[PDB]
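What follows is one structure encoded as structure tokens, with my remarks underneath.
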Amino acid sequence: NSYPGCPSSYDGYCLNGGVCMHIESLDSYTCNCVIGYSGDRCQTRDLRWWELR
């Protein structure tokens, strides 16, 4: 099932358009940024993704 999202205990570590992923079994957790979101987690919201388009 992979259970999309992540233990609500989170609801705050993923930054700027950071998809909160959740691998089952190992009940571990992670995140993913995008085309304008990077840096540590994804605090890098710069002139890229949105580009004000």
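Ordering of the structure tokens sets the chain letters (A, B, ...); residue numbers start at 1 within each chain; ligands are numbered from 1 in the order shown.
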
DSSP-assigned strand (DSSP E or B) among chain A, expressed as a list in words: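 Answer for chain A, restricted to strand (DSSP E or B): residues 19, 20, 21, 30, 31, 32, 34, 37, 38 and 44 of chain A.
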
Within 10 Å of range 30-41 of chain A using only C-alpha atoms, minus same-chain residues under 5 positions, as a list in words: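 What passes the distance filter is residues 5, 6, 13, 14, 15, 16, 17, 18, 19, 20, 21, 22, 23, 46, 47, 48, 49, 50 and 51 of chain A.
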
Separation of CA of residue 25 in chain A from CA of residue 11 in chain A in Å: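 Straight-line distance from CA of residue 11 in chain A to CA of residue 25 in chain A works out to 20.6 Å.
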
CA of residue 42 in chain A to CA of residue 3 in chain A, straight-line distance in Å: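 CA of residue 42 in chain A lies 21.8 Å from CA of residue 3 in chain A.
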